[PDB]
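*Asks:* Supplied structure: data.csv, CSV, C-alpha atoms.
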chain,number,residue,atom,x,y,z
K,28,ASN,CA,84.0,-39.8,-20.8
K,29,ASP,CA,81.6,-42.0,-18.7
K,30,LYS,CA,80.3,-45.5,-18.3
K,31,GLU,CA,77.8,-46.8,-20.9
K,32,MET,CA,74.4,-45.2,-20.4
K,33,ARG,CA,71.7,-47.8,-19.6
K,34,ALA,CA,68.5,-45.9,-18.7
K,35,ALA,CA,64.8,-46.7,-18.5
K,36,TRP,CA,62.0,-44.2,-19.0
K,37,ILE,CA,59.6,-44.2,-16.1
K,38,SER,CA,56.5,-42.5,-17.5
K,39,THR,CA,53.8,-41.2,-15.1
K,40,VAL,CA,51.2,-40.1,-17.6
K,41,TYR,CA,48.1,-42.3,-17.5
K,42,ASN,CA,50.1,-44.1,-14.8
K,43,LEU,CA,51.9,-45.9,-17.5
K,44,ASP,CA,55.0,-47.1,-15.5
K,45,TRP,CA,54.5,-45.7,-12.0
K,46,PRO,CA,52.5,-45.3,-9.9
K,47,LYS,CA,49.9,-48.1,-10.5
K,48,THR,CA,48.1,-47.1,-7.3
K,49,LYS,CA,46.6,-43.7,-6.5
K,50,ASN,CA,46.1,-42.2,-3.0
K,51,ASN,CA,48.4,-44.6,-1.2
K,52,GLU,CA,51.9,-43.2,-0.2
K,53,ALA,CA,53.2,-46.6,1.1
K,54,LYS,CA,52.1,-48.5,-2.0
K,55,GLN,CA,53.4,-45.9,-4.5
K,56,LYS,CA,56.8,-46.0,-2.8
K,57,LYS,CA,57.0,-49.8,-2.7
K,58,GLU,CA,55.9,-49.9,-6.4
K,59,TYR,CA,58.8,-47.6,-7.2
K,60,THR,CA,61.4,-49.5,-5.2
K,61,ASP,CA,60.2,-52.8,-6.6
K,62,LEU,CA,60.5,-51.3,-10.1
K,63,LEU,CA,64.0,-50.0,-9.5
K,64,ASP,CA,65.1,-53.4,-8.2
K,65,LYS,CA,63.9,-55.0,-11.5
K,66,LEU,CA,65.6,-52.5,-13.6
K,67,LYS,CA,68.8,-52.7,-11.6
K,68,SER,CA,68.9,-56.5,-11.8
K,69,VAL,CA,69.1,-56.3,-15.7
K,70,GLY,CA,71.9,-53.6,-15.8
K,71,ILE,CA,69.9,-50.3,-15.8
K,72,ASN,CA,72.1,-47.6,-14.2
K,73,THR,CA,69.8,-44.6,-14.7
K,74,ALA,CA,66.2,-43.8,-14.0
K,75,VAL,CA,64.5,-41.1,-16.2
K,76,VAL,CA,61.4,-40.2,-14.3
K,77,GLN,CA,58.6,-38.0,-15.7
K,78,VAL,CA,58.2,-35.4,-12.9
K,79,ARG,CA,56.0,-33.1,-15.1
K,80,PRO,CA,53.7,-35.3,-17.3
K,81,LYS,CA,51.1,-32.6,-17.8
K,82,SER,CA,51.9,-29.0,-16.6
K,83,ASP,CA,51.9,-30.4,-13.1
K,84,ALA,CA,54.4,-31.7,-10.6
K,85,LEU,CA,55.3,-35.0,-8.9
K,86,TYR,CA,57.0,-32.7,-6.4
K,87,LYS,CA,56.2,-29.8,-4.1
K,88,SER,CA,56.2,-26.7,-6.2
K,89,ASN,CA,55.4,-23.0,-5.6
K,90,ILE,CA,54.7,-22.8,-9.4
K,91,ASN,CA,53.0,-26.0,-10.7
K,92,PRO,CA,50.0,-27.9,-9.3
K,93,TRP,CA,50.3,-31.5,-7.9
K,94,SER,CA,49.9,-34.1,-10.6
K,95,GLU,CA,46.5,-35.8,-11.0
K,96,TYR,CA,48.4,-39.1,-11.5
K,97,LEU,CA,49.2,-39.4,-7.8
K,98,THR,CA,45.6,-39.0,-6.6
K,99,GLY,CA,43.1,-38.8,-9.5
K,100,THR,CA,42.7,-35.0,-9.0
K,101,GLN,CA,45.0,-32.2,-10.2
K,102,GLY,CA,46.1,-29.8,-7.5
K,103,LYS,CA,45.4,-32.4,-4.8
K,104,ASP,CA,48.2,-32.6,-2.2
K,105,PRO,CA,49.2,-36.3,-1.8
K,106,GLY,CA,50.5,-35.7,1.8
K,107,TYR,CA,54.2,-36.3,0.8
K,108,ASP,CA,56.6,-35.0,-1.8
K,109,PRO,CA,57.6,-38.0,-3.9
K,110,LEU,CA,60.6,-36.6,-5.7
K,111,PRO,CA,63.2,-36.7,-2.9
K,112,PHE,CA,62.3,-40.4,-2.3
K,113,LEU,CA,62.5,-41.2,-6.0
K,114,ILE,CA,66.0,-39.6,-6.2
K,115,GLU,CA,67.3,-41.0,-2.9
K,116,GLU,CA,66.1,-44.6,-3.7
K,117,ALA,CA,67.7,-44.4,-7.1
K,118,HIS,CA,71.0,-43.1,-5.7
K,119,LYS,CA,71.0,-45.8,-2.9
K,120,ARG,CA,71.1,-48.4,-5.7
K,121,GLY,CA,74.0,-46.7,-7.5
K,122,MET,CA,71.6,-45.3,-10.2
K,123,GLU,CA,71.6,-41.8,-11.7
K,124,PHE,CA,68.3,-39.9,-11.7
K,125,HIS,CA,67.1,-37.7,-14.6
K,126,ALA,CA,64.1,-35.6,-14.0
K,127,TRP,CA,61.8,-35.7,-17.1
K,128,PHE,CA,59.7,-32.7,-18.1
K,129,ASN,CA,57.0,-32.2,-20.8
K,130,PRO,CA,57.3,-28.5,-21.5
K,131,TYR,CA,54.2,-27.3,-23.4
K,132,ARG,CA,51.4,-29.8,-22.7
K,133,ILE,CA,48.5,-28.6,-20.6
K,134,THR,CA,45.7,-31.1,-21.2
K,135,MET,CA,45.2,-34.6,-22.7
K,136,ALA,CA,42.6,-35.4,-25.3
K,137,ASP,CA,39.2,-33.9,-24.7
K,138,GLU,CA,39.8,-32.6,-21.1
K,139,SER,CA,38.2,-29.3,-20.2
K,140,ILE,CA,40.3,-26.1,-19.8
K,141,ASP,CA,37.8,-25.0,-17.1
K,142,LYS,CA,38.4,-28.1,-14.9
K,143,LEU,CA,42.0,-26.8,-14.1
K,144,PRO,CA,42.5,-25.5,-10.6
K,145,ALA,CA,42.6,-21.7,-9.9
K,146,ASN,CA,46.3,-21.4,-9.3
K,147,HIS,CA,47.2,-23.5,-12.4
K,148,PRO,CA,49.6,-21.3,-14.5
K,149,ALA,CA,47.4,-21.7,-17.6
K,150,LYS,CA,44.4,-20.5,-15.5
K,151,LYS,CA,46.4,-17.5,-14.2
K,152,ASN,CA,47.8,-16.7,-17.6
K,153,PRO,CA,45.2,-17.6,-20.3
K,154,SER,CA,47.1,-15.6,-22.9
K,155,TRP,CA,49.7,-18.3,-22.8
K,156,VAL,CA,47.2,-21.0,-23.9
K,157,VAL,CA,46.7,-22.3,-27.5
K,158,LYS,CA,44.0,-24.9,-28.5
K,159,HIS,CA,45.1,-27.4,-31.1
K,160,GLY,CA,42.6,-30.1,-32.0
K,161,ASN,CA,41.3,-31.6,-28.8
K,162,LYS,CA,44.2,-30.4,-26.6
K,163,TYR,CA,45.6,-27.2,-25.1
K,164,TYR,CA,49.3,-26.1,-25.0
K,165,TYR,CA,51.5,-23.4,-23.8
K,166,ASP,CA,52.6,-21.2,-26.7
K,167,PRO,CA,56.4,-22.0,-27.4
K,168,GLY,CA,56.8,-18.5,-29.0
K,169,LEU,CA,56.0,-16.4,-25.9
K,170,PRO,CA,59.1,-15.2,-23.9
K,171,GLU,CA,56.9,-15.4,-20.7
K,172,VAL,CA,56.1,-19.1,-21.5
K,173,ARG,CA,59.8,-19.9,-21.9
K,174,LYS,CA,60.7,-18.1,-18.7
K,175,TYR,CA,57.9,-20.0,-16.8
K,176,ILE,CA,59.3,-23.3,-18.1
K,177,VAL,CA,62.8,-22.3,-17.3
K,178,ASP,CA,61.7,-21.3,-13.8
K,179,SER,CA,59.7,-24.5,-13.4
K,180,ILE,CA,62.9,-26.5,-14.3
K,181,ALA,CA,65.2,-24.3,-12.1
K,182,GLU,CA,63.0,-25.0,-9.0
K,183,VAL,CA,63.7,-28.7,-9.4
K,184,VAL,CA,67.5,-28.2,-10.1
K,185,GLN,CA,67.7,-26.0,-7.0
K,186,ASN,CA,65.7,-28.1,-4.6
K,187,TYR,CA,66.6,-31.7,-5.5
K,188,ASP,CA,69.8,-33.8,-6.0
K,189,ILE,CA,69.0,-34.7,-9.6
K,190,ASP,CA,71.8,-35.9,-11.9
K,191,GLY,CA,70.0,-34.8,-15.1
K,192,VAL,CA,67.2,-32.8,-16.7
K,193,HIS,CA,65.4,-34.5,-19.6
K,194,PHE,CA,62.8,-33.5,-22.2
K,195,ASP,CA,61.1,-36.0,-24.5
K,196,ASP,CA,59.7,-35.6,-28.0
K,197,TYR,CA,56.7,-33.2,-27.6
K,198,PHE,CA,57.3,-29.7,-28.9
K,199,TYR,CA,54.7,-28.2,-31.4
K,200,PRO,CA,51.7,-30.6,-31.9
K,201,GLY,CA,51.5,-29.8,-35.7
K,202,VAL,CA,51.8,-27.4,-38.5
K,203,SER,CA,48.4,-25.7,-37.9
K,204,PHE,CA,49.2,-24.4,-34.4
K,205,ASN,CA,47.4,-21.1,-33.9
K,206,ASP,CA,50.2,-18.8,-32.9
K,207,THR,CA,49.5,-16.0,-35.5
K,208,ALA,CA,49.3,-13.3,-32.8
K,209,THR,CA,52.5,-14.4,-31.2
K,210,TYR,CA,54.3,-14.7,-34.5
K,211,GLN,CA,53.2,-11.1,-35.4
K,212,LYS,CA,54.6,-9.8,-32.1
K,213,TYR,CA,57.9,-11.7,-31.9
K,214,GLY,CA,58.7,-13.4,-35.3
K,215,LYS,CA,60.4,-10.4,-37.0
K,216,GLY,CA,58.7,-11.5,-40.2
K,217,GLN,CA,60.9,-14.6,-40.4
K,218,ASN,CA,59.8,-17.8,-42.1
K,219,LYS,CA,57.3,-19.1,-39.6
K,220,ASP,CA,58.7,-22.7,-39.5
K,221,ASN,CA,62.2,-21.5,-38.8
K,222,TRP,CA,60.8,-19.1,-36.2
K,223,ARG,CA,59.1,-22.1,-34.5
K,224,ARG,CA,62.2,-24.2,-34.6
K,225,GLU,CA,64.2,-21.3,-33.0
K,226,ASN,CA,61.5,-20.9,-30.3
K,227,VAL,CA,62.3,-24.5,-29.4
K,228,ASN,CA,66.0,-23.9,-29.7
K,229,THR,CA,65.7,-20.9,-27.4
K,230,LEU,CA,63.9,-22.9,-24.7
K,231,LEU,CA,66.6,-25.6,-24.8
K,232,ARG,CA,69.3,-23.0,-24.6
K,233,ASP,CA,67.7,-21.1,-21.7
K,234,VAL,CA,67.1,-24.3,-19.8
K,235,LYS,CA,70.7,-25.5,-20.3
K,236,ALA,CA,72.0,-22.1,-19.1
K,237,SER,CA,69.7,-22.0,-16.1
K,238,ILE,CA,70.8,-25.6,-15.1
K,239,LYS,CA,74.5,-24.8,-15.5
K,240,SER,CA,74.3,-21.5,-13.6
K,241,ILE,CA,72.9,-23.5,-10.6
K,242,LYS,CA,74.6,-26.9,-11.1
K,243,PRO,CA,77.4,-27.0,-13.8
K,244,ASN,CA,77.6,-30.8,-13.7
K,245,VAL,CA,73.9,-31.6,-14.0
K,246,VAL,CA,73.3,-32.8,-17.6
K,247,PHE,CA,70.6,-31.7,-20.0
K,248,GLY,CA,69.3,-34.0,-22.7
K,249,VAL,CA,66.4,-34.4,-25.1
K,250,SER,CA,64.8,-37.5,-26.7
K,251,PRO,CA,63.3,-36.4,-30.0
K,252,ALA,CA,61.7,-38.7,-32.6
K,253,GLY,CA,64.0,-41.0,-34.5
K,254,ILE,CA,63.9,-39.1,-37.8
K,255,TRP,CA,65.1,-35.5,-38.1
K,256,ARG,CA,64.7,-35.2,-41.9
K,257,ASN,CA,64.3,-37.8,-44.7
K,258,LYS,CA,66.8,-37.9,-47.5
K,259,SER,CA,64.0,-36.6,-49.8
K,260,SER,CA,63.7,-33.3,-47.8
K,261,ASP,CA,67.4,-32.8,-47.3
K,262,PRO,CA,70.2,-34.9,-48.9
K,263,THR,CA,72.2,-35.0,-45.6
K,264,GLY,CA,69.1,-36.5,-44.0
K,265,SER,CA,68.4,-40.2,-43.3
K,266,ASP,CA,67.5,-42.9,-45.8
K,267,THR,CA,64.0,-43.1,-44.5
K,268,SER,CA,60.5,-42.0,-45.3
K,269,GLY,CA,58.9,-41.7,-41.8
K,270,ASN,CA,57.6,-38.7,-39.9
K,271,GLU,CA,60.1,-35.9,-39.6
K,272,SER,CA,60.7,-34.1,-36.3
K,273,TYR,CA,62.0,-31.0,-38.2
K,274,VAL,CA,58.5,-29.9,-39.4
K,275,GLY,CA,55.6,-31.6,-37.6
K,276,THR,CA,57.1,-30.9,-34.2
K,277,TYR,CA,59.8,-28.3,-35.1
K,278,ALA,CA,62.4,-30.2,-33.2
K,279,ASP,CA,65.5,-29.3,-35.1
K,280,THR,CA,67.8,-31.8,-33.5
K,281,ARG,CA,70.8,-31.1,-35.8
K,282,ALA,CA,70.9,-27.4,-34.7
K,283,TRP,CA,70.7,-28.5,-31.0
K,284,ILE,CA,73.8,-30.7,-31.7
K,285,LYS,CA,75.6,-28.2,-33.8
K,286,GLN,CA,75.2,-25.4,-31.2
K,287,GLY,CA,75.6,-27.6,-28.1
K,288,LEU,CA,72.2,-26.7,-26.8
K,289,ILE,CA,72.1,-30.1,-25.0
K,290,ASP,CA,74.6,-32.4,-23.3
K,291,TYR,CA,72.9,-35.5,-24.6
K,292,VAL,CA,70.4,-36.6,-27.3
K,293,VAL,CA,68.3,-39.7,-27.4
K,294,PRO,CA,66.6,-40.3,-30.8
K,295,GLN,CA,63.7,-42.6,-30.4
K,296,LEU,CA,64.6,-45.5,-32.8
K,297,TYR,CA,61.4,-47.4,-32.2
K,298,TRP,CA,61.5,-49.5,-35.4
K,299,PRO,CA,62.9,-52.9,-36.4
K,300,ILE,CA,66.1,-53.6,-38.3
K,301,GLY,CA,65.2,-53.8,-42.1
K,302,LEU,CA,61.9,-51.8,-41.8
K,303,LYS,CA,61.6,-49.9,-45.1
K,304,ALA,CA,60.2,-46.7,-43.8
K,305,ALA,CA,62.7,-46.3,-40.9
K,306,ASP,CA,65.4,-49.0,-40.8
K,307,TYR,CA,67.1,-49.2,-37.4
K,308,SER,CA,70.4,-50.1,-38.9
K,309,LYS,CA,70.4,-47.0,-41.2
K,310,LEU,CA,69.3,-44.6,-38.4
K,311,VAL,CA,72.0,-45.7,-35.8
K,312,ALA,CA,74.6,-45.0,-38.5
K,313,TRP,CA,73.1,-41.7,-39.4
K,314,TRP,CA,72.8,-40.5,-35.8
K,315,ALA,CA,76.4,-41.8,-34.9
K,316,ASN,CA,77.5,-39.5,-37.7
K,317,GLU,CA,75.4,-36.5,-36.5
K,318,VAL,CA,77.4,-36.2,-33.2
K,319,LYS,CA,80.9,-36.8,-34.6
K,320,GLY,CA,83.3,-34.1,-33.4
K,321,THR,CA,80.9,-32.7,-30.8
K,322,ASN,CA,80.7,-33.3,-27.1
K,323,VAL,CA,77.0,-34.3,-27.3
K,324,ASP,CA,76.5,-37.8,-25.9
K,325,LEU,CA,74.3,-39.9,-28.2
K,326,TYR,CA,72.1,-42.5,-26.6
K,327,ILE,CA,69.7,-44.8,-28.6
K,328,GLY,CA,66.0,-44.7,-27.6
K,329,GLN,CA,65.0,-48.4,-27.7
K,330,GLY,CA,61.3,-49.3,-28.5
K,331,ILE,CA,61.0,-52.4,-26.4
K,332,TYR,CA,57.2,-51.6,-25.9
K,333,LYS,CA,56.8,-53.0,-29.5
K,334,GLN,CA,56.3,-56.8,-28.9
K,335,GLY,CA,54.4,-57.9,-32.0
K,336,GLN,CA,51.0,-56.2,-31.3
K,337,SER,CA,48.8,-55.6,-34.4
K,338,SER,CA,48.5,-52.0,-33.1
K,339,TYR,CA,52.2,-51.6,-34.3
K,340,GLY,CA,51.9,-53.8,-37.4
K,341,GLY,CA,53.4,-56.9,-35.7
K,342,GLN,CA,56.7,-55.1,-35.2
K,343,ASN,CA,58.7,-56.8,-32.5
K,344,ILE,CA,61.7,-54.8,-31.2
K,345,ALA,CA,61.9,-56.6,-27.8
K,346,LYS,CA,62.6,-59.9,-29.8
K,347,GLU,CA,65.6,-58.3,-31.5
K,348,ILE,CA,67.0,-56.0,-28.7
K,349,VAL,CA,70.2,-58.0,-28.4
K,350,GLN,CA,70.8,-57.5,-32.1
K,351,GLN,CA,70.0,-53.8,-31.9
K,352,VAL,CA,72.4,-53.0,-29.0
K,353,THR,CA,75.1,-55.2,-30.3
K,354,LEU,CA,74.9,-53.1,-33.5
K,355,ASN,CA,74.9,-49.9,-31.3
K,356,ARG,CA,78.3,-51.0,-29.8
K,357,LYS,CA,79.9,-51.0,-33.2
K,358,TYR,CA,79.7,-47.1,-33.1
K,359,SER,CA,82.0,-45.4,-30.6
K,360,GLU,CA,79.8,-42.2,-30.9
K,361,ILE,CA,76.9,-44.2,-29.3
K,362,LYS,CA,77.3,-44.0,-25.5
K,363,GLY,CA,74.4,-46.2,-24.5
K,364,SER,CA,70.7,-46.7,-24.6
K,365,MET,CA,67.4,-45.6,-23.1
K,366,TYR,CA,64.5,-48.1,-22.9
K,367,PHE,CA,60.9,-47.2,-23.5
K,368,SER,CA,59.6,-48.2,-21.1
K,369,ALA,CA,60.4,-49.5,-17.6
K,370,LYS,CA,57.1,-51.5,-17.4
K,371,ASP,CA,58.3,-53.6,-20.4
K,372,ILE,CA,61.4,-54.7,-18.5
K,373,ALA,CA,59.3,-55.3,-15.4
K,374,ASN,CA,56.6,-57.4,-17.2
K,375,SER,CA,58.7,-59.6,-19.5
K,376,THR,CA,61.2,-62.2,-18.4
K,377,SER,CA,62.6,-62.5,-22.0
K,378,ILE,CA,63.4,-58.8,-22.1
K,379,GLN,CA,65.1,-59.3,-18.7
K,380,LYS,CA,67.1,-62.2,-19.9
K,381,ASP,CA,68.2,-60.3,-23.0
K,382,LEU,CA,69.2,-57.2,-21.1
K,383,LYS,CA,71.1,-59.3,-18.5
K,384,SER,CA,73.1,-60.8,-21.4
K,385,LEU,CA,73.9,-57.4,-22.8
K,386,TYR,CA,74.8,-55.9,-19.4
K,387,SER,CA,76.6,-58.7,-17.4
Kindly present the structure from the file in structure tokens form.

*Replies:*
Amino acid sequence: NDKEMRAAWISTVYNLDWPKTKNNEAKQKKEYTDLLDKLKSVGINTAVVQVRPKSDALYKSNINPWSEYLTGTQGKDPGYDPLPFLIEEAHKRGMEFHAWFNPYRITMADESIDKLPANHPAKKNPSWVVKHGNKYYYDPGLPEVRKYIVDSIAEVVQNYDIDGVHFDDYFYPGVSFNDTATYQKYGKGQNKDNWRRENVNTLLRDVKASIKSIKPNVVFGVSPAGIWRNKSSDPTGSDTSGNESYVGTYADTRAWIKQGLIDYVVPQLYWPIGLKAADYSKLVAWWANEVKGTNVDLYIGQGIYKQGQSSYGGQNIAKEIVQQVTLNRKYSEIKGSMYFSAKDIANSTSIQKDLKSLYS
């Protein structure tokens, strides 16, 4: 058992949630504690903080360079290690802390691979690197890549009092990923798509095992995209027609659940109730079902960033959050929620009011 999960994602990429200010220890800290206070005032009991937004570290590592989002320049030492502060301030307020990693990302759109610092693992191991479109990734199919990611996670589990380790929804960036050489070396001739899915499964499985061998009671969870497979691809799938995690991304969430490769799962149900392509009410039911008779905790990823902007087709989730969570609580298999993202709680008094009424 446990109390209802009420988490907020605190994203560090492009300084989305924290920190707003660069090159200012005192202000970064105050911005974090101000943010935590806001989240705690509405019932948030867990902070899920992106400590590796981009093959980098918001912490002192012997493996991964300092994150550019602290100072503007990757590899630049900010003069303090943020992570202990971020954990200890969360714990002081009675909140759990999950460290959030992006495993395969190296660059964002259109950045140069030659502007990485010399000790960057992708600089030191160029054979690990795959270009897809306007971005570069670590190859999920290389054993050495998976070891490096396991070792990167293990360092944090060893050195810090985290409660959880968390991956979000980025696995493979598309079907056309140029892993031919790696497939030839390790794929045993298997169907390439299944091979890719199992590369992802293998990473999750090695990470869980590494976590447990250091700290048995630290949890491991993943927030994949809200659709695994549509009914049209697999009749046991969901009555939906959106994008499927099973094939773009090769995030085979069912298999993760069936084999207990994770302690919790957080499908991103970032759509309104009654939306034809991805109806929230249908997906909560489907996912409640997926975890029946397992020990995997299900949390719903809540898309409160959608507040009626034309960018998202006028979809307004924030407006119906009370309805969404009230529906969640009708399923005993659902053990709480994760809100994308913390800035939306911070910046909107109506969201605050609505969360307070759910969590008082």

*Asks:* One decimal, in Å: what's the spacing between atom CA of residue 366 of chain K and atom CA of residue 35 of chain K?

*Replies:*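 Result for atom CA of residue 366 of chain K versus atom CA of residue 35 of chain K: 4.6 Å, one decimal.
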
*Asks:* For residue 231 of chain K, which residue among K:49, K:173, K:346, K:65 is the nearest when counting all atoms listed in the file?

*Replies:*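 Selected residue with least distance to residue 231 of chain K: K:173.
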
*Asks:* Would you mind listing, for every residue of segment 57-126 of chain K within 12 Å of segment 371-384 of chain K, the two atoms forming the shortest contact and the distance between them in Å to one decimal, using only C-alpha atoms, sorted by chain and ascending residue number, as JSON lines?

*Replies:*
{"residue": "K:58", "atom": "CA", "partner": "K:373", "partner_atom": "CA", "distance": 11.0}
{"residue": "K:59", "atom": "CA", "partner": "K:373", "partner_atom": "CA", "distance": 11.3}
{"residue": "K:60", "atom": "CA", "partner": "K:373", "partner_atom": "CA", "distance": 11.9}
{"residue": "K:61", "atom": "CA", "partner": "K:373", "partner_atom": "CA", "distance": 9.2}
{"residue": "K:62", "atom": "CA", "partner": "K:373", "partner_atom": "CA", "distance": 6.7}
{"residue": "K:63", "atom": "CA", "partner": "K:373", "partner_atom": "CA", "distance": 9.2}
{"residue": "K:64", "atom": "CA", "partner": "K:373", "partner_atom": "CA", "distance": 9.4}
{"residue": "K:65", "atom": "CA", "partner": "K:373", "partner_atom": "CA", "distance": 6.0}
{"residue": "K:66", "atom": "CA", "partner": "K:372", "partner_atom": "CA", "distance": 6.8}
{"residue": "K:67", "atom": "CA", "partner": "K:383", "partner_atom": "CA", "distance": 9.8}
{"residue": "K:68", "atom": "CA", "partner": "K:383", "partner_atom": "CA", "distance": 7.6}
{"residue": "K:69", "atom": "CA", "partner": "K:383", "partner_atom": "CA", "distance": 4.6}
{"residue": "K:70", "atom": "CA", "partner": "K:383", "partner_atom": "CA", "distance": 6.4}
{"residue": "K:71", "atom": "CA", "partner": "K:382", "partner_atom": "CA", "distance": 8.7}

*Asks:* Taking the point (67.6, -23.5, -23.7) as given in the file, collect each protein or nucleic acid residue that comes within 12 Å of it, counting all atoms listed in the file, and present the set as a PyMOL selection string.

*Replies:* chain K and resi 130+167+170+173-174+176-178+180-181+192-194+225-239+247-249+283+286-290

*Asks:* Would you mind exporting C-alpha atoms of the selected residues as a PDB file, in the frame of the given file?

*Replies:*
ATOM      1  CA  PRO K 130      57.300 -28.500 -21.500  1.00  0.00           C
ATOM      2  CA  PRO K 167      56.400 -22.000 -27.400  1.00  0.00           C
ATOM      3  CA  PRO K 170      59.100 -15.200 -23.900  1.00  0.00           C
ATOM      4  CA  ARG K 173      59.800 -19.900 -21.900  1.00  0.00           C
ATOM      5  CA  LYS K 174      60.700 -18.100 -18.700  1.00  0.00           C
ATOM      6  CA  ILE K 176      59.300 -23.300 -18.100  1.00  0.00           C
ATOM      7  CA  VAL K 177      62.800 -22.300 -17.300  1.00  0.00           C
ATOM      8  CA  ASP K 178      61.700 -21.300 -13.800  1.00  0.00           C
ATOM      9  CA  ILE K 180      62.900 -26.500 -14.300  1.00  0.00           C
ATOM     10  CA  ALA K 181      65.200 -24.300 -12.100  1.00  0.00           C
ATOM     11  CA  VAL K 192      67.200 -32.800 -16.700  1.00  0.00           C
ATOM     12  CA  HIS K 193      65.400 -34.500 -19.600  1.00  0.00           C
ATOM     13  CA  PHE K 194      62.800 -33.500 -22.200  1.00  0.00           C
ATOM     14  CA  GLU K 225      64.200 -21.300 -33.000  1.00  0.00           C
ATOM     15  CA  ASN K 226      61.500 -20.900 -30.300  1.00  0.00           C
ATOM     16  CA  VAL K 227      62.300 -24.500 -29.400  1.00  0.00           C
ATOM     17  CA  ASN K 228      66.000 -23.900 -29.700  1.00  0.00           C
ATOM     18  CA  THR K 229      65.700 -20.900 -27.400  1.00  0.00           C
ATOM     19  CA  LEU K 230      63.900 -22.900 -24.700  1.00  0.00           C
ATOM     20  CA  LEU K 231      66.600 -25.600 -24.800  1.00  0.00           C
ATOM     21  CA  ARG K 232      69.300 -23.000 -24.600  1.00  0.00           C
ATOM     22  CA  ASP K 233      67.700 -21.100 -21.700  1.00  0.00           C
ATOM     23  CA  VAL K 234      67.100 -24.300 -19.800  1.00  0.00           C
ATOM     24  CA  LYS K 235      70.700 -25.500 -20.300  1.00  0.00           C
ATOM     25  CA  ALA K 236      72.000 -22.100 -19.100  1.00  0.00           C
ATOM     26  CA  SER K 237      69.700 -22.000 -16.100  1.00  0.00           C
ATOM     27  CA  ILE K 238      70.800 -25.600 -15.100  1.00  0.00           C
ATOM     28  CA  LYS K 239      74.500 -24.800 -15.500  1.00  0.00           C
ATOM     29  CA  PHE K 247      70.600 -31.700 -20.000  1.00  0.00           C
ATOM     30  CA  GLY K 248      69.300 -34.000 -22.700  1.00  0.00           C
ATOM     31  CA  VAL K 249      66.400 -34.400 -25.100  1.00  0.00           C
ATOM     32  CA  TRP K 283      70.700 -28.500 -31.000  1.00  0.00           C
ATOM     33  CA  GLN K 286      75.200 -25.400 -31.200  1.00  0.00           C
ATOM     34  CA  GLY K 287      75.600 -27.600 -28.100  1.00  0.00           C
ATOM     35  CA  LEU K 288      72.200 -26.700 -26.800  1.00  0.00           C
ATOM     36  CA  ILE K 289      72.100 -30.100 -25.000  1.00  0.00           C
ATOM     37  CA  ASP K 290      74.600 -32.400 -23.300  1.00  0.00           C
TER      38      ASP K 290
END

*Asks:* Have a look at K:39, K:364, K:270, K:359 and name the one nearest to residue 291 of chain K; count all atoms listed in the file.

*Replies:*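 Checking each of K:39, K:364, K:270, K:359 against residue 291 of chain K, counting all atoms listed in the file, the winner is K:364.
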
*Asks:* May I have the residues at most 12 Å from (65.0, -49.5, -41.1) in the file's coordinates, counting only C-alpha atoms, as number ranges by chain?

*Replies:* K: 253-254, 265-269, 296-313, 342, 344, 351

*Asks:* K:41, K:199, K:187, K:222: which is nearest residue 157 of chain K, counting all atoms listed in the file?

*Replies:* K:199

*Asks:* Between atom CA of residue 50 of chain K and atom CA of residue 85 of chain K, measure the distance and give it in Å to one decimal.

*Replies:*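 These atoms are spaced 13.1 Å apart.
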
*Asks:* By how many Å are atom CA of residue 163 of chain K and atom CA of residue 131 of chain K apart?

*Replies:*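 Atom-to-atom, atom CA of residue 163 of chain K and atom CA of residue 131 of chain K are spaced 8.8 Å apart.
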
*Asks:* Nearest residue to residue 91 of chain K out of K:292, K:32, K:76, K:183, using all atoms listed in the file?

*Replies:*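 Looking only at the distances to residue 91 of chain K, the closest residue turns out to be K:183.
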
*Asks:* Please reconstruct the missing atoms of segment 305-310 of chain K (target: N, CA, C and O atoms) and return them as a PDB file, in the frame of the given file.

*Replies:*
ATOM      1  N   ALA K 305      61.785 -46.850 -41.905  1.00  0.00           N
ATOM      2  CA  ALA K 305      62.700 -46.300 -40.900  1.00  0.00           C
ATOM      3  C   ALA K 305      63.538 -47.475 -40.327  1.00  0.00           C
ATOM      4  O   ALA K 305      63.315 -48.005 -39.245  1.00  0.00           O
ATOM      5  N   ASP K 306      64.539 -47.832 -41.118  1.00  0.00           N
ATOM      6  CA  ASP K 306      65.400 -49.000 -40.800  1.00  0.00           C
ATOM      7  C   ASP K 306      66.324 -48.601 -39.665  1.00  0.00           C
ATOM      8  O   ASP K 306      67.106 -47.654 -39.760  1.00  0.00           O
ATOM      9  N   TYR K 307      66.219 -49.366 -38.576  1.00  0.00           N
ATOM     10  CA  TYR K 307      67.100 -49.200 -37.400  1.00  0.00           C
ATOM     11  C   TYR K 307      68.530 -49.127 -37.739  1.00  0.00           C
ATOM     12  O   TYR K 307      69.240 -48.249 -37.249  1.00  0.00           O
ATOM     13  N   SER K 308      68.987 -50.047 -38.588  1.00  0.00           N
ATOM     14  CA  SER K 308      70.400 -50.100 -38.900  1.00  0.00           C
ATOM     15  C   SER K 308      70.939 -48.866 -39.667  1.00  0.00           C
ATOM     16  O   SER K 308      72.101 -48.451 -39.504  1.00  0.00           O
ATOM     17  N   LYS K 309      70.066 -48.270 -40.471  1.00  0.00           N
ATOM     18  CA  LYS K 309      70.400 -47.000 -41.200  1.00  0.00           C
ATOM     19  C   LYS K 309      70.413 -45.868 -40.197  1.00  0.00           C
ATOM     20  O   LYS K 309      71.295 -45.013 -40.288  1.00  0.00           O
ATOM     21  N   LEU K 310      69.463 -45.820 -39.277  1.00  0.00           N
ATOM     22  CA  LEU K 310      69.300 -44.600 -38.400  1.00  0.00           C
ATOM     23  C   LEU K 310      70.461 -44.574 -37.339  1.00  0.00           C
ATOM     24  O   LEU K 310      70.989 -43.474 -37.088  1.00  0.00           O
TER      25      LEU K 310
END
